[PDB]
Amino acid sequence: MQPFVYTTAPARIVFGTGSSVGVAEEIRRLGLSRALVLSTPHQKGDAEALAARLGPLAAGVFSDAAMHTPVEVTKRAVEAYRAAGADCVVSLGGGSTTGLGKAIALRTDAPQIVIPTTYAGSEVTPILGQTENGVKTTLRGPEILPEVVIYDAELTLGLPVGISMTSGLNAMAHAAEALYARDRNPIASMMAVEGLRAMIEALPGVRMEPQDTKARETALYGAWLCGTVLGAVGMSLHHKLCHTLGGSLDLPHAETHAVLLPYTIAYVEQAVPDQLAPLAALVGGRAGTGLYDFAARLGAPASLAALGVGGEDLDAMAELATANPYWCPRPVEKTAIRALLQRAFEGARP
């Protein structure tokens, strides 16, 4: 056996269809009483309805969360948190909403109750990416990890199919990289395999019937495990490239994951195919090409060209990706990253 470290941090994860009826009780369980409910504009009404349900337990709604968690928006949200007299945040939504809550927590020590409605998995990680002056940078710390998460699959029925598929691939990216992360361990790897298995089973079902509560519950269960293993063992080249392009080119985030994943996994698989073998098994092929084929079954975008990236962007992106790199089992110098980005731009099978 390879040596390892396995670490747990304090968290309370509530999982079940209809579990979101318990938001009030979870606020009270923390000894708190004035939540700022957070959303993007895409779930503004849902946030307002939740705030109304909370009554005296809601201090207000901030519905302006933004992709890539830009510092300008965080500054507004913190001012709103302070002015409202809030004592916690309730983050209703996807990864952008969770990210805002984390950015507020970093600045204010606000406890977070997160109600995820996508497969981003941010709700169970101590990691925060924030964008400032065209660069997204990541931080990790106990201040960032949400105290409480409420998983209610009924809240995912309305997630549009397209973003359901690419958010699903975003979840899979977490688990795939967990298999070869610097801080990998056998339990995180077991959980990563189960998360991948769940996503591979569920996403085609969700595509076939977006209102299928069984397929939605399986996908959300998978996303929980995929996010958990990201939080536990960290990340590598794939996440670095997503953060680089996402931040700097303002690319659609889940879509960037979906497009890059077959290429970044194919690259790493050349060096550690044994570590990626369990993923290769689940996709019924090689890990990289198998992901490309699976993403095609889901109808996900397959090229960076489809995301509006220009060939002229790639040099700068390859250079930026070598600043503050994430650990990788293969060397990831600028020449190699540029070639990988060229492959992803073209969108052909790895």
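Residue numbers here begin at 1 and follow the sequence given.
The PDB entry records a higher mean C-alpha B factor for 49 to 57 than for its counterpart among 279 to 287 and 49 to 57. Higher mean CA B-factor, judged across 82 to 90 and 120 to 128 from the recorded values: 82 to 90. Going by the entry's values, 133 shows the largest Cα B-factor out of 133, 264, 98, 167. Per the PDB record, 32 has a higher Cα B-factor than any other of 307, 295, 67, 32. In the PDB entry, a CA B factor belonging to the lowest third of its chain's modelled residues is recorded for residue 256.
When the modelled residues of the chain are ordered by their C-alpha B factor, residue 177 lands in the lowest third. Annotation for residue 184: CA B-factor lies in the middle third of the chain's modelled residues. Among all modelled residues in its chain, residue 208 ranks in the highest third by Cα B-factor.
Per the deposited record, the Cα B-factor of residue 74 falls in the middle third when ranked against the other modelled residues of its chain.
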